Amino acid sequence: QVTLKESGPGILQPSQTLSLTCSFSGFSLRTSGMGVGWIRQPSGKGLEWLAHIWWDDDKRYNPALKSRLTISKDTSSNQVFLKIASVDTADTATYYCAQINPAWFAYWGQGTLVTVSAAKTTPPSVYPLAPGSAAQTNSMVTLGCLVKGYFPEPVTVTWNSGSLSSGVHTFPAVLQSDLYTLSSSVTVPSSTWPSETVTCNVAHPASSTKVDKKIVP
């Protein structure tokens, strides 16, 4: 029932103004006790409450985020907005919106990553990782997909358009010189490859790129 989905720009340059949107369903911000709040989390760090708005338009703000924050709501369209002004690299984080009440936070959204950087949106190169001949004489064979030189996060890696999910490992990306590199492994019986096809599907929304590479000897 109750669901929330955040939206941002993915990437914006420093000193710009971050626009975030929260679209929700399963409740209405007209009901007494309901509120919508924003929380952020730098990668691998803890959670920081930013701001929230109540059903009566009462707005509360983190007193450490100066006066850069501005929260508004729209009852007609079931949306809440957060504006952060004068962003810098320390504002890069996952931004969550949540349906709250005066005593706890009830439901969170999936979150949206926002990177604050002046680097250029580069789409990823995808390279196949093919087993050698000796590797195929084992019972299981591991294949791979190298996703190199992209920016900013995130990428979405699937195998056989999601038909292959057991035995997949998609690793966290590493950041080098404003470019990200991740890899993904998949393990199948050698009695299925290269007999049955195996291809990885990479997706980079920030550059509107979608690519597939089949894995062959």
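Quick note: we count residues from 1 along the sequence shown, nothing fancier.
Quiz item: When the C-alpha temperature factors are averaged for each of 186 to 194 and 52 to 60, which stretch ends up with the higher value in the entry?
Solution: If you average the C-alpha B-factors of 186 to 194 and of 52 to 60, the larger mean comes out for 186 to 194.
Practice problem: Pick between 98 to 106 and 112 to 120: the one whose mean CA B-factor in the entry is higher. | Solution: It is 112 to 120 that shows the higher mean C-alpha B-factor.
Quiz prompt | Selection by C-alpha B-factor (highest) of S32, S161, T170, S43 | solution = The C-alpha B-factor peaks, among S32, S161, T170, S43, at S161.
Quiz item: Which of these has the highest Cα B-factor in the record: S76, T137, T142, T92?
Solution: Among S76, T137, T142, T92, the highest C-alpha B-factor in the entry belongs to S76.
Self-check item: Among modelled residues of the same chain, the CA temperature factor third for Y180
Solution: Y180: CA B-factor falls in the middle third of its chain.
Self-check item: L65 by Cα B-factor - lowest, middle or highest third of the modelled chain
Solution: Answer is highest: the recorded C-alpha B-factor places it there.
Quiz item: Compared with the other modelled residues in the chain, in which third is the CA B-factor of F27?
Solution: Its C-alpha B-factor, which the entry lists for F27, ranks in the middle third among residues of this chain.
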